[PDB]
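Trainee: One structure coming up, written as C-alpha cells, with questions to follow.
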Amino acid sequence: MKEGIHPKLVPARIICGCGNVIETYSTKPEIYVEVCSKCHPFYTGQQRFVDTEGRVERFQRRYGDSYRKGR
Amino acid sequence: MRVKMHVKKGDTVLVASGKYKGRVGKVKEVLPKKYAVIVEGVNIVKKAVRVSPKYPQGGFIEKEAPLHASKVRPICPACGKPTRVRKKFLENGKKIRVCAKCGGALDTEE
Amino acid sequence: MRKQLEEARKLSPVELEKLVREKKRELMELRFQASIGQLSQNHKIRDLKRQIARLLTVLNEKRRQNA
Amino acid sequence: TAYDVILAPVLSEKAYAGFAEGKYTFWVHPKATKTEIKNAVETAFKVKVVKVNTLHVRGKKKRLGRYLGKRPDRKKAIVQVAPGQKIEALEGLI
RNA sequence: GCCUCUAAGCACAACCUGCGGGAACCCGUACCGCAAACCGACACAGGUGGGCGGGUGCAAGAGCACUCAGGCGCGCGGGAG
RNA sequence: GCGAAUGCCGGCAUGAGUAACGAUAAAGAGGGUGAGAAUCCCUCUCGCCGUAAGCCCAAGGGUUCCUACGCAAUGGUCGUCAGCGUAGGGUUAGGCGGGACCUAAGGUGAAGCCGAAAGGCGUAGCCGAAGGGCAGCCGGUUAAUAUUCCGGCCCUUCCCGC
RNA sequence: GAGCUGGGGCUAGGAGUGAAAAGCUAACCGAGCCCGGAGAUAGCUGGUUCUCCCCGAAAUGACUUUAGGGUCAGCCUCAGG
RNA sequence: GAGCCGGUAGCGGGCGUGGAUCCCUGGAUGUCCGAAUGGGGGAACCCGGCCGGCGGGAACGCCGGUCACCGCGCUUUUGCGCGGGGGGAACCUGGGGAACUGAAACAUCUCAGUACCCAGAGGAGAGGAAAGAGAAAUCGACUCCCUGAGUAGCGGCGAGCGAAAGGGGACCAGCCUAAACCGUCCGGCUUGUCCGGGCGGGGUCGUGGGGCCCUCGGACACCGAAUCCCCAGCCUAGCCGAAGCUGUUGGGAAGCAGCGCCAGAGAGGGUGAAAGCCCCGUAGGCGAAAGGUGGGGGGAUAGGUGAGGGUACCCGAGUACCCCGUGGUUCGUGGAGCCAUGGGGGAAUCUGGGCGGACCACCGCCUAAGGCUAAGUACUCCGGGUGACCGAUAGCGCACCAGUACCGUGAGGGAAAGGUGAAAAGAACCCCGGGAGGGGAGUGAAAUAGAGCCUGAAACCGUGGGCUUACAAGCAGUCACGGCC
C-alpha cells in the first residue's frame with residue numbers, strides 16, 4: 001500500500017446504490033442499484049526543522065500536526 | 001524367512017520333500033531364505049561353449065528353496081532352536097537348544 | 001582397515017595434508033590403470049578411494065575442532 | 001577438494017600418432033581451465049606443457065531395453081611436449 | 001581512438017616510444033542444411049534470409065535453348081496397348 | 001443384471017486384393033557381390049538440370065559423419081542399400097565467430113511519483129544487435145574435421161625487465 | 001515505392017490492431033485459448049435393464065407470457081370399508 | 001547375528017565372528033541452478049573487485065575464505081552486532097471479490113460473501129475475562145457439539161433466505177499496559193514549576209489509582225514456554241517366546257489314517273493341494289539406549305499477585321456522540337436499534353458515559369475509543385490400524401524404470417502395459433534354413449504350463465467330414481411330408 005493515511009487508515013471499500021422514497025409517506029421501496037465505489041480524504045505539509053513535508057489525512061491531520069507540532 | 005533366519009551354513013534334514021536325509025547347509029540368503037543343501041538338482045545340459053567345459057553342461061545343480069527343511073539337530077534331530085540363558089558376561093550365546101542340544105560353538109564344527 | 005583408521009587418528013595438519021595428497025596421486029595412477037591389471041585391481045579402486053576419503057573426513061575432523 | 005587429480009588418457013587411435021610425434025591428447029575433468037591444464041600436466045607428469053587445446057563431446061545415442069539414454073560427457077583436450085619428454089610409460093607402452 | 005585538463009600523483013619511476021624476455025582463459029567445429037536432417041502429424045511437387053551464380057547464342061540482360069564444372073535419372077517393376 | 005443412446009474401450013470384418021505408390025527428367029546393357037539382388041557395387045551406352053536441382057554463410061536439427069559388422073523392423077513392397085540396428089572412433093583456433101568492450105529501439109532498475117493488495121510509471125547505472133568496434137593468409141595431412149592439426153610465410157593485446 | 005525483405009522489440013483476445021467486409025489476432029476470433037464456477041440450464045430428442053400373474057387409462061375439460069408444456073378437474077391401479 | 005558390494009544377474013574382483021550386509025543418531029565435506037543476494041543471466045551459465053595459496057613469478061588460472069536487497073536495534077560517530085525473506089495436499093484470518101441456474105421471463109431478490117486473484121499468521125490460526133447477556137431481580141470470559149424454531153422473523157412478503165439469550169455437553173486461568181497522581185530522574189526549551197524521554201509506585205479486571213490522617217502489615221500462589229531437573233513418550237534397531245512324529249494316496253503333501261501336544265497367545269501370512277505344535281521374533285507377555293518432542297508428577301527456580309475508613313480532585317486512549325454515504329445483523333430500505341467506518345461537525349472523569357422498550361419520562365446493564373496464549377471444534381502431505389471398500393476396462397488416470405509416452409505455442413493435455421513355472425530345472429546336441437522358424441532328444445506331473453509363454457471364451461480366417469446345389473425370384477422362418485446320413 002502507498003496511499004493509506006499516516007495517522008490511521010482510510011483507503012477503503014464501499015457498496016452503494018439506491019431506489020426511490022415515498023416510503024412511510026405513501027409507498028414501499030423502489031430499489032435497483034447494486035453498485036460499488038471508493039471513499040477518501042486529503043494531503044498537506046509543514047517542517048521537521050528547516051526541511052520537511054506532511055502527507056497524512058484531513059482531520060486526524062489537523063490533530064496530528066498540532067501534536068508533533070508540540071514536538 | 002526375513003532379516004532373521006533359521007539354521008545357517010549349519011546342517012539338518014528335510015521333512016516333506018524328496019530327500020529328508022539331512023546335510024550340508026552350504027549357504028543361505030538374508031531375505032528369501034534361499035539356501036543350498038547339496039541335495040537334489042539337475043545338470044542344465046548347458047552351453048555349447050567352453051565357458052562350461054569345451055563341451056558345456058552345468059555341473060552341480062543345487063539351489064534349495066522350500067523352508068520345510070527340518071532345521072538343526074543336537075542329540076535330537078527334528079527340532080526347533082531356543083535362545084539363551086547367558087550365564088556369562090556379555091553372554092549372547094543364543095545357543096541352539098531344547099530336547100537335545102546343539103550350539104554351533106565356534107569349535108570342532110559349524 | 002580400522003588400522004588405517006589408526007595411523008589416521010595419528011597424523012595431523014601438514015602430514016595428513018601432503019600424505020592424503022600423494023595418496024590421491026596414487027589412485028590417480030590407478031585411474032591411468034583403467035585398462036591394464038584390472039582383475040585384482042578392483043580393490044585398489046573401491047578401497048583406495050575409500051581410504052583417501054577417510055584422509056579427508058579426518059583433516060576435516062581435526063582442524064575442524066581446531067578452529 | 002583441491003586434489004589436482006583430473007584426467008583419463010586419450011586412448012584414442014588417431015591421437016596415438018600424435019603422442020608418437022611429440023604431443024599427446026587426453027580427456028580430463030570437464031572444466032580444467034587451459035591454464036589449470038598446463039598446471040596439472042606439468043606438476044603431474046613432470047613435463048614442460050607446451051600448448052593445450054580443448055574439445056568436449058557428449059554421448060548421444062544408447063538404447064536401453066524398454067527405455068533409452070545417451071551417455072554422460074567426455075572431455076578431450078591436447079597438450080604438446082616441449083622436447084619430446086615425459087608421458088614415457090604411457091607412450092612407450094602404447 | 002586522438003587529444004584535453006582534475007584527483008593528483010606525477011616528475012623518479014606516471015604516459016609515448018625501441019629490444020629482450022614472459023604471457024594470453026570460457027563457449028563454440030563434424031554431416032544435413034533452397035532441403036526426404038529446417039518448418040507442414042509422412043522420404044509430404046508448400047515456405048525459408050545474403051554470398052558468383054561457367055559458356056555459346058539473342059540489341060539488352062540471372063527470361064530464353066544446348067550445355068561447364070558440379071548435380072541428377074525423382075524409389076515399386078514388365079506388359080500390351 | 002441391459003440389442004439398444006450415430007453411446008464408451010477394445011478387438012474384427014466390409015469394400016478390395018479394384019483406388020492408390022508423392023511429380024511424365026527415360027532408361028539399357030556388361031561384369032560384380034550375395035542365400036536372394038528391376039530395385040547394392042564398378043563399368044560402358046543415353047535423357048534432365050546448369051542458373052539451377054550448383055557451390056557457401058547463417059538459421060533451425062541435433063543426431064548424426066566415418067569404419068566394421070547386421071536387416072527380423074523402417075523405407076509407401078523389393079533390398080545382402082540407409083539418415084535404419086550394434087560398436088567403436090570422429091570435430092579442438094592470442095589473430096573465424098561470441099563473450100571477456102559500446103550503445104538503439106527496448107527490458108531492467110539505487111532514487112521519485114504512484115495501489116485495497118499482487119502493481120502501474122521510471123532517471124542513474126546495467127542487460128540488450130552479423131548495428132559500433134577488434135590482431136592473418138595460403139599450401140599440405142586423417143574414415144572423418146581445419147584461416148583451429150603440419151608447415152611456410154604477417155601480426156595482436158597485456159605482464160617483468162631494460 | 002504508400003516498395004520488397006532478415007534479424008532485434010512493443011501493443012491481445014471485450015482488449016489488440018484494423019488503408020475497415022465486421023479484416024485478422026498459433027489453421028474454420030462477429031466477440032481468442034486451457035484451466036475453473038460445472039456434474040450450469042437442458043417443458044428438446046436418445047436411451048430408460050430378468051420372468052410371470054390381475055386390471056386396465058385417457059390421445060377431454062377449466063385459467064395460465066401457457067399453448068407439442070402445467071395446477072385443479074374427468075378415465076386407472078392397489079388398500080379399507 | 002554371522003553374510004554383504006542396491007534394483008542385476010554376468011564378467012572380472014573383494015571385507016568381514018580381533019559384532020562384515022545391515023536397522024536408527026549424530027556426522028563430514030556437501031558439483032551447478034533454485035527466494036539467490038558479490039555482478040550480469042534466455043536457471044542449472046559467463047563476469048569481476050578483497051585476503052590466503054599453488055604454478056614457469058607478473059599479466060593467465062583454479063581450491064579458498066570473501067563481497068545483495070529489505071526493515072529492524074544499537075556506537076547518529078566510520079557504524080560494527082540482530083531479523084526477513086522461500087516454500088507447502090487441506091484446513092486459518094483478512095484483503096478484493098463474478099455470471100450462470102432459481103425466482104418456468106427478469107431487472108430488486110438469487111446462488112454468496114460462495115467460485116475465484118492477493119497478502120499473511122500457524123501448526124492451527126480465529127475468537128478469547130463483558131460500554132456482554134437478559135428481564136427474573138439473574139446470568140455471568142472465548143471456542144466447538146446437540147437443542148434452540150426451521151419458530152422469532154427477513155422479502156416484486158413472491159423463490160426463498162433464516163436468528164440470537166437460554167438449556168443440555170466438552171473445555172474452564174484469567175492477566176496485563178498509557179492510565180500522570182507521585183517521586184526520582186536525563187533532556188529541556190527557557191528557568192523556575194510545560195513538554196519530551198527513563199525506573200518505578202499506580203502499573204484499574206467486574207471500577208477505583210493516588211495524594212492526606214489514622215487502623216495497617218512480619219511464611220504458601222503459581223505461570224498463557226517464566227524456568228530447570230528427571231519416570232523422558234516416540235523415533236529405528238529388540239526378545240523371548242506354547243506342543244507332534246508315524247503312516248498314507250501322492251510330482252506333491254500340512255490333506256486321508258494312528259495315535260501324542262499347546263493354549264492370560266484357534267488374528268494372519270507363509271512352507272510345491274485346505275499345518276493351533278512345518279515357516280512368522282504375533283496376537284502371550286516382556287523389550288529395551290549415551291542422540292531427537294513435555295500435557296505428567298514433582299519439586300526448586302514464584303515476575304507477580306494477596307487490608308480499613310477519611311478527604312476539596314487530578315486519572316486508559318484524537319472521535320463517543322450527531323448529519324449524510326454505506327457494511328455487518330435473521331432486515332432487501334425500511335416506524336429499523338446495536339456494532340462497523342467515508343465524508344462535516346467534533347467531548348465527557350466513575351452526579352462520567354454507550355448499551356434494553358425509534359424516540360421521552362423510568363429501573364436496570366456495563367464500564368468500552370490499548371495490549372497477552374493457552375484448552376475443548378478444522379484440516380489433511382505424512383505413519384499406523386480397520387473396511388455386508390475394488391479386482392486389474394472398478395479401483396488414485398496412475399499396482400511400478402505414467403505425470404512419463406505422446407498432442408500442444410505457452411497455458412495446458414494427459415493413455416497404455418499386471419498374472420510363463422512348485423522351484424529355472426527355461427532349453428545342450430542332431431535334423432530344413434540366409435534367418436527365423438520348424439522336426440526330434442532332455443526338463444516335466446501338464447507344456448494344446450513354453451517367454452508374453454495362467455485361466456485364455458465372442459468376432460472374424462482357415463484344413464478336414466455329413467447333408468446340400470444350376471428352369472430359379474424368399475429378411476426370415478417355418479407347419480407338413482418325402483429323399484439322405
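Following the order of the C-alpha cells, chains are lettered A, B, ..., residues in each are numbered from 1, and ligands are numbered from 1.
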Which residues, written as a list in words, have at least one atom at most 8 Å from region 14-16 of chain D, with only C-alpha atoms (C1' of nucleotides) counted and residues fewer than 6 positions away on the same chain left out?
Mentor: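 Skipping anything fewer than 6 positions along the chain leaves residues 24, 25 and 94 of chain D.
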Trainee: Put those residues in a file: N, CA and C atoms, as an mmCIF file, in the first residue's frame.
Mentor:
```cif
data_model
loop_
_atom_site.group_PDB
_atom_site.id
_atom_site.type_symbol
_atom_site.label_atom_id
_atom_site.label_comp_id
_atom_site.auth_asym_id
_atom_site.auth_seq_id
_atom_site.Cartn_x
_atom_site.Cartn_y
_atom_site.Cartn_z
ATOM 1 N N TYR D 24 50.598 -35.044 -26.903
ATOM 2 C CA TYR D 24 49.689 -36.091 -26.558
ATOM 3 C C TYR D 24 48.357 -35.520 -26.192
ATOM 4 N N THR D 25 47.348 -36.334 -26.449
ATOM 5 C CA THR D 25 45.965 -35.995 -26.214
ATOM 6 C C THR D 25 45.327 -36.766 -25.048
ATOM 7 N N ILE D 94 52.161 -47.844 -25.125
ATOM 8 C CA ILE D 94 51.216 -47.691 -26.206
ATOM 9 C C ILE D 94 50.283 -46.674 -25.620
#
```
Trainee: Taking only C-alpha atoms (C1' of nucleotides) into account, report as a list in words which residues of chain H lie within 8 Å of chain A.
Mentor: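 Every residue meeting the condition is included here: residues 107, 108, 195, 196, 318, 325, 326, 327, 333, 334, 335, 342 and 343 of chain H.
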Trainee: Choose the residue, out of E:57, E:50, E:4, E:42, that has the smallest atom-to-atom separation from residue 130 (chain F); count only C-alpha atoms (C1' of nucleotides).
Mentor: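 Answer, going by the shortest atom-to-atom distance: E:50.
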Trainee: Do you know which residues are at most 7 Å from region 89-100 of chain F counting only C-alpha atoms (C1' of nucleotides), after dropping those on the same chain fewer than 2 positions away, and could you put them as a ChimeraX atom specification?
Mentor: /D:53-55,77 /E:24,29-30 /F:135-136,144-145,148,155-156
Trainee: With N, CA and C atoms (P, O5', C5', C4', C3', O3' and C1' of nucleotides) kept, could you save the residues just selected as a PDB file, in the first residue's frame?
Mentor:
```
ATOM      1  N   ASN D  53      44.790 -27.625 -26.286  1.00  0.00           N
ATOM      2  CA  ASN D  53      43.527 -27.304 -26.958  1.00  0.00           C
ATOM      3  C   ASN D  53      42.423 -28.049 -26.210  1.00  0.00           C
ATOM      4  N   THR D  54      41.189 -27.554 -26.273  1.00  0.00           N
ATOM      5  CA  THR D  54      40.078 -28.208 -25.584  1.00  0.00           C
ATOM      6  C   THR D  54      38.775 -28.374 -26.389  1.00  0.00           C
ATOM      7  N   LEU D  55      38.304 -29.626 -26.398  1.00  0.00           N
ATOM      8  CA  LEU D  55      37.111 -30.160 -27.084  1.00  0.00           C
ATOM      9  C   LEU D  55      36.255 -30.985 -26.108  1.00  0.00           C
ATOM     10  N   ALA D  77      41.125 -32.821 -24.631  1.00  0.00           N
ATOM     11  CA  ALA D  77      41.987 -31.645 -24.798  1.00  0.00           C
ATOM     12  C   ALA D  77      43.349 -32.258 -25.099  1.00  0.00           C
TER      13      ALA D  77
ATOM     14  P     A E  24      49.738 -18.358 -20.330  1.00  0.00           P
ATOM     15  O5'   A E  24      48.705 -17.549 -21.227  1.00  0.00           O
ATOM     16  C5'   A E  24      47.591 -16.927 -20.611  1.00  0.00           C
ATOM     17  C4'   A E  24      46.839 -16.073 -21.594  1.00  0.00           C
ATOM     18  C3'   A E  24      46.318 -16.739 -22.845  1.00  0.00           C
ATOM     19  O3'   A E  24      45.200 -17.563 -22.592  1.00  0.00           O
ATOM     20  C1'   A E  24      47.168 -14.626 -23.401  1.00  0.00           C
ATOM     21  P     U E  29      30.143 -26.307 -32.711  1.00  0.00           P
ATOM     22  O5'   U E  29      31.263 -25.837 -33.759  1.00  0.00           O
ATOM     23  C5'   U E  29      30.944 -25.572 -35.148  1.00  0.00           C
ATOM     24  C4'   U E  29      32.209 -25.608 -35.999  1.00  0.00           C
ATOM     25  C3'   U E  29      32.351 -26.815 -36.941  1.00  0.00           C
ATOM     26  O3'   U E  29      31.978 -26.720 -38.312  1.00  0.00           O
ATOM     27  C1'   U E  29      33.898 -27.012 -35.236  1.00  0.00           C
ATOM     28  P     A E  30      31.795 -28.079 -39.140  1.00  0.00           P
ATOM     29  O5'   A E  30      32.182 -29.141 -38.028  1.00  0.00           O
ATOM     30  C5'   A E  30      33.369 -29.893 -38.114  1.00  0.00           C
ATOM     31  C4'   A E  30      33.008 -31.293 -38.471  1.00  0.00           C
ATOM     32  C3'   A E  30      31.940 -31.310 -39.539  1.00  0.00           C
ATOM     33  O3'   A E  30      32.688 -31.285 -40.739  1.00  0.00           O
ATOM     34  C1'   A E  30      31.556 -32.978 -37.851  1.00  0.00           C
TER      35        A E  30
ATOM     36  P     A F 135      42.194  -4.578 -36.049  1.00  0.00           P
ATOM     37  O5'   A F 135      43.178  -5.822 -35.885  1.00  0.00           O
ATOM     38  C5'   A F 135      44.587  -5.621 -35.874  1.00  0.00           C
ATOM     39  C4'   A F 135      45.314  -6.899 -35.523  1.00  0.00           C
ATOM     40  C3'   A F 135      44.971  -8.130 -36.335  1.00  0.00           C
ATOM     41  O3'   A F 135      45.650  -8.131 -37.578  1.00  0.00           O
ATOM     42  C1'   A F 135      45.160  -8.705 -34.045  1.00  0.00           C
ATOM     43  P     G F 136      45.049  -8.968 -38.804  1.00  0.00           P
ATOM     44  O5'   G F 136      44.682 -10.374 -38.161  1.00  0.00           O
ATOM     45  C5'   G F 136      43.897 -11.317 -38.882  1.00  0.00           C
ATOM     46  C4'   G F 136      44.681 -11.827 -40.059  1.00  0.00           C
ATOM     47  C3'   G F 136      44.065 -12.944 -40.887  1.00  0.00           C
ATOM     48  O3'   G F 136      43.155 -12.431 -41.843  1.00  0.00           O
ATOM     49  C1'   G F 136      46.371 -13.304 -40.582  1.00  0.00           C
ATOM     50  P     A F 144      38.727 -38.619 -44.516  1.00  0.00           P
ATOM     51  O5'   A F 144      38.213 -37.206 -44.000  1.00  0.00           O
ATOM     52  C5'   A F 144      36.830 -36.880 -44.066  1.00  0.00           C
ATOM     53  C4'   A F 144      36.247 -36.865 -42.680  1.00  0.00           C
ATOM     54  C3'   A F 144      36.950 -35.904 -41.745  1.00  0.00           C
ATOM     55  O3'   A F 144      36.272 -34.647 -41.723  1.00  0.00           O
ATOM     56  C1'   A F 144      36.483 -38.019 -40.688  1.00  0.00           C
ATOM     57  P     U F 145      35.866 -33.884 -43.091  1.00  0.00           P
ATOM     58  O5'   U F 145      35.185 -32.590 -42.509  1.00  0.00           O
ATOM     59  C5'   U F 145      34.505 -32.699 -41.285  1.00  0.00           C
ATOM     60  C4'   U F 145      35.321 -32.104 -40.164  1.00  0.00           C
ATOM     61  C3'   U F 145      35.955 -30.757 -40.408  1.00  0.00           C
ATOM     62  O3'   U F 145      34.975 -29.752 -40.262  1.00  0.00           O
ATOM     63  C1'   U F 145      37.321 -32.139 -39.032  1.00  0.00           C
ATOM     64  P     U F 148      43.319 -23.316 -39.328  1.00  0.00           P
ATOM     65  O5'   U F 148      44.474 -23.461 -38.250  1.00  0.00           O
ATOM     66  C5'   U F 148      44.498 -22.621 -37.114  1.00  0.00           C
ATOM     67  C4'   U F 148      43.754 -23.263 -35.963  1.00  0.00           C
ATOM     68  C3'   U F 148      44.210 -24.640 -35.514  1.00  0.00           C
ATOM     69  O3'   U F 148      45.342 -24.386 -34.681  1.00  0.00           O
ATOM     70  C1'   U F 148      41.824 -24.409 -35.409  1.00  0.00           C
ATOM     71  P     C F 155      54.870  -7.745 -39.871  1.00  0.00           P
ATOM     72  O5'   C F 155      54.249  -8.718 -38.782  1.00  0.00           O
ATOM     73  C5'   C F 155      53.821  -8.218 -37.539  1.00  0.00           C
ATOM     74  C4'   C F 155      52.326  -8.283 -37.454  1.00  0.00           C
ATOM     75  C3'   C F 155      51.795  -7.947 -36.083  1.00  0.00           C
ATOM     76  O3'   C F 155      51.677  -6.538 -35.978  1.00  0.00           O
ATOM     77  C1'   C F 155      50.691  -9.875 -36.938  1.00  0.00           C
ATOM     78  P     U F 156      51.429  -5.872 -34.544  1.00  0.00           P
ATOM     79  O5'   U F 156      50.252  -6.748 -33.945  1.00  0.00           O
ATOM     80  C5'   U F 156      48.916  -6.529 -34.358  1.00  0.00           C
ATOM     81  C4'   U F 156      47.996  -6.988 -33.282  1.00  0.00           C
ATOM     82  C3'   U F 156      48.499  -6.555 -31.927  1.00  0.00           C
ATOM     83  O3'   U F 156      48.061  -5.244 -31.634  1.00  0.00           O
ATOM     84  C1'   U F 156      47.789  -8.817 -31.863  1.00  0.00           C
TER      85        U F 156
END
```
Trainee: So which residues touch region 406-421 of chain H within 12 Å, counting only C-alpha atoms (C1' of nucleotides), skipping near sequence neighbours fewer than 2 positions away, as a PyMOL selection string?
Mentor: (chain D and resi 66) or (chain E and resi 41) or (chain F and resi 9-10) or (chain G and resi 26+33-35) or (chain H and resi 272+391-393+397-400+402-404+423-426+443-444+446-447+449-456)
Trainee: I need the chain H residues near chain B as a list in words; criterion: at most 7 Å, counting only C-alpha atoms (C1' of nucleotides).
Mentor: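 Here they are: residues 253, 271, 278, 279, 423, 425 and 428 of chain H.
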Trainee: Just need the residues of chain E within 10 Å of chain D, counting only C-alpha atoms (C1' of nucleotides), so spit them out as a PyMOL selection string.
Mentor: chain E and resi 25-26+28-29
Trainee: Just to be explicit: take each residue in the selection above, keep N, CA, C and O atoms (P, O5', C5', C4', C3', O3' and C1' of nucleotides), and write the result as a PDB file, in the first residue's frame.
Mentor:
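What follows is the written file part19.pdb:
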```
ATOM      1  P     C E  25      45.192 -19.058 -23.164  1.00  0.00           P
ATOM      2  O5'   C E  25      43.869 -19.706 -22.547  1.00  0.00           O
ATOM      3  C5'   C E  25      43.933 -20.565 -21.403  1.00  0.00           C
ATOM      4  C4'   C E  25      42.731 -20.358 -20.495  1.00  0.00           C
ATOM      5  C3'   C E  25      41.338 -20.672 -21.055  1.00  0.00           C
ATOM      6  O3'   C E  25      40.919 -22.038 -20.873  1.00  0.00           O
ATOM      7  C1'   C E  25      41.348 -18.483 -20.207  1.00  0.00           C
ATOM      8  P     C E  26      39.666 -22.626 -21.722  1.00  0.00           P
ATOM      9  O5'   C E  26      38.432 -21.662 -21.388  1.00  0.00           O
ATOM     10  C5'   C E  26      37.770 -21.718 -20.118  1.00  0.00           C
ATOM     11  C4'   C E  26      36.320 -21.294 -20.242  1.00  0.00           C
ATOM     12  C3'   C E  26      35.588 -21.891 -21.422  1.00  0.00           C
ATOM     13  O3'   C E  26      35.150 -23.199 -21.140  1.00  0.00           O
ATOM     14  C1'   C E  26      35.202 -19.593 -21.400  1.00  0.00           C
ATOM     15  P     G E  28      31.293 -25.982 -26.382  1.00  0.00           P
ATOM     16  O5'   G E  28      30.137 -25.865 -27.471  1.00  0.00           O
ATOM     17  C5'   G E  28      30.434 -25.983 -28.852  1.00  0.00           C
ATOM     18  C4'   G E  28      30.460 -24.616 -29.477  1.00  0.00           C
ATOM     19  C3'   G E  28      30.863 -24.549 -30.935  1.00  0.00           C
ATOM     20  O3'   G E  28      29.852 -25.012 -31.814  1.00  0.00           O
ATOM     21  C1'   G E  28      31.927 -22.805 -29.777  1.00  0.00           C
ATOM     22  P     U E  29      30.143 -26.307 -32.711  1.00  0.00           P
ATOM     23  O5'   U E  29      31.263 -25.837 -33.759  1.00  0.00           O
ATOM     24  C5'   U E  29      30.944 -25.572 -35.148  1.00  0.00           C
ATOM     25  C4'   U E  29      32.209 -25.608 -35.999  1.00  0.00           C
ATOM     26  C3'   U E  29      32.351 -26.815 -36.941  1.00  0.00           C
ATOM     27  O3'   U E  29      31.978 -26.720 -38.312  1.00  0.00           O
ATOM     28  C1'   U E  29      33.898 -27.012 -35.236  1.00  0.00           C
TER      29        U E  29
END
```
Trainee: Which polymer residues have any atom within 10 Å of an atom of region 11-21 of chain G, counting only C-alpha atoms (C1' of nucleotides), with same-chain residues fewer than 3 positions away left out, as a PyMOL selection string?
Mentor: chain G and resi 2+24-25+29+31-33
Trainee: How many Å lie between CA of residue 48 (chain D) and CA of residue 82 (chain D), rounded to one decimal?
Mentor: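 Atom-to-atom, CA of residue 48 (chain D) and CA of residue 82 (chain D) are spaced 5.6 Å apart.
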Trainee: For residue 149 (chain H), which of H:240, H:359, H:180, H:163 is the closest residue, counting only C-alpha atoms (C1' of nucleotides)?
Mentor: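 Closest candidate: H:163.
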Trainee: Residues within 9 Å of region 19-23 of chain B, please, as a PDB file with N, CA, C and O atoms, in the first residue's frame. Count only C-alpha atoms (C1' of nucleotides); anything in the same chain fewer than 5 positions from it doesn't count.
Mentor:
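Contents of part37.pdb, freshly written:
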```pdb
ATOM      1  N   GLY B  10      24.896 -74.249   8.892  1.00  0.00           N
ATOM      2  CA  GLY B  10      24.765 -75.423   9.744  1.00  0.00           C
ATOM      3  C   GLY B  10      24.136 -76.575   8.976  1.00  0.00           C
ATOM      4  O   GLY B  10      23.970 -76.462   7.757  1.00  0.00           O
ATOM      5  N   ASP B  11      23.753 -77.657   9.666  1.00  0.00           N
ATOM      6  CA  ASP B  11      23.180 -78.835   8.989  1.00  0.00           C
ATOM      7  C   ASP B  11      21.912 -79.439   9.587  1.00  0.00           C
ATOM      8  O   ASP B  11      21.714 -79.374  10.799  1.00  0.00           O
ATOM      9  N   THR B  12      21.072 -80.032   8.728  1.00  0.00           N
ATOM     10  CA  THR B  12      19.851 -80.734   9.155  1.00  0.00           C
ATOM     11  C   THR B  12      19.121 -81.501   8.067  1.00  0.00           C
ATOM     12  O   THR B  12      19.678 -81.721   7.002  1.00  0.00           O
ATOM     13  N   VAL B  13      17.873 -81.883   8.335  1.00  0.00           N
ATOM     14  CA  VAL B  13      17.073 -82.703   7.424  1.00  0.00           C
ATOM     15  C   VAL B  13      15.867 -82.067   6.722  1.00  0.00           C
ATOM     16  O   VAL B  13      15.558 -80.901   6.936  1.00  0.00           O
ATOM     17  N   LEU B  14      15.218 -82.846   5.850  1.00  0.00           N
ATOM     18  CA  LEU B  14      14.027 -82.412   5.116  1.00  0.00           C
ATOM     19  C   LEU B  14      12.831 -83.181   5.612  1.00  0.00           C
ATOM     20  O   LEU B  14      12.873 -84.409   5.684  1.00  0.00           O
ATOM     21  N   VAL B  37      21.462 -76.965  -0.115  1.00  0.00           N
ATOM     22  CA  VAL B  37      21.601 -78.203   0.667  1.00  0.00           C
ATOM     23  C   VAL B  37      22.524 -79.289   0.093  1.00  0.00           C
ATOM     24  O   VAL B  37      22.835 -80.271   0.776  1.00  0.00           O
ATOM     25  N   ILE B  38      22.972 -79.105  -1.146  1.00  0.00           N
ATOM     26  CA  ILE B  38      23.823 -80.088  -1.801  1.00  0.00           C
ATOM     27  C   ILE B  38      23.023 -81.395  -1.741  1.00  0.00           C
ATOM     28  O   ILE B  38      23.491 -82.410  -1.237  1.00  0.00           O
ATOM     29  N   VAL B  39      21.785 -81.325  -2.237  1.00  0.00           N
ATOM     30  CA  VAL B  39      20.855 -82.457  -2.272  1.00  0.00           C
ATOM     31  C   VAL B  39      19.678 -82.147  -3.191  1.00  0.00           C
ATOM     32  O   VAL B  39      18.800 -81.392  -2.790  1.00  0.00           O
ATOM     33  N   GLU B  40      19.665 -82.700  -4.408  1.00  0.00           N
ATOM     34  CA  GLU B  40      18.541 -82.528  -5.351  1.00  0.00           C
ATOM     35  C   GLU B  40      18.484 -81.418  -6.420  1.00  0.00           C
ATOM     36  O   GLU B  40      17.751 -80.442  -6.265  1.00  0.00           O
ATOM     37  N   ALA B  69      12.426 -77.407   5.371  1.00  0.00           N
ATOM     38  CA  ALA B  69      13.651 -78.013   5.855  1.00  0.00           C
ATOM     39  C   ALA B  69      13.437 -78.408   7.286  1.00  0.00           C
ATOM     40  O   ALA B  69      12.720 -77.747   8.032  1.00  0.00           O
ATOM     41  N   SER B  70      14.062 -79.501   7.669  1.00  0.00           N
ATOM     42  CA  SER B  70      13.945 -79.994   9.018  1.00  0.00           C
ATOM     43  C   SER B  70      15.063 -79.448   9.896  1.00  0.00           C
ATOM     44  O   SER B  70      15.714 -80.197  10.604  1.00  0.00           O
ATOM     45  N   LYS B  71      15.259 -78.133   9.858  1.00  0.00           N
ATOM     46  CA  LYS B  71      16.299 -77.443  10.633  1.00  0.00           C
ATOM     47  C   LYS B  71      16.927 -78.123  11.874  1.00  0.00           C
ATOM     48  O   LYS B  71      16.277 -78.876  12.605  1.00  0.00           O
TER      49      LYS B  71
END
```
Trainee: Would you mind listing what lies within 12 Å of residue 169 (chain H) as a PDB file with C-alpha atoms (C1' of nucleotides), in the first residue's frame, with only C-alpha atoms (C1' of nucleotides) counted and same-chain residues fewer than 4 positions away left out?
Mentor:
```pdb
ATOM      1  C1'   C H 144     -16.592 -26.217  19.400  1.00  0.00           C
ATOM      2  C1'   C H 145     -21.341 -30.216  19.616  1.00  0.00           C
ATOM      3  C1'   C H 146     -26.594 -31.311  20.324  1.00  0.00           C
ATOM      4  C1'   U H 147     -31.343 -28.177  21.327  1.00  0.00           C
ATOM      5  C1'   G H 376     -12.087 -28.112  24.383  1.00  0.00           C
TER       6        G H 376
END
```
Trainee: Using CA of residue 52 (chain D) and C1' of residue 101 (chain F) as the two end points, give the distance in Å to one decimal.
Mentor: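 A separation of 26.7 Å between them.
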Trainee: Any chance you could list, as number ranges by chain, the residues in chain A that come up strand (DSSP E or B) when DSSP is run on the backbone?
Mentor: A: 15-16, 19, 31, 35-36, 44-47, 52-55
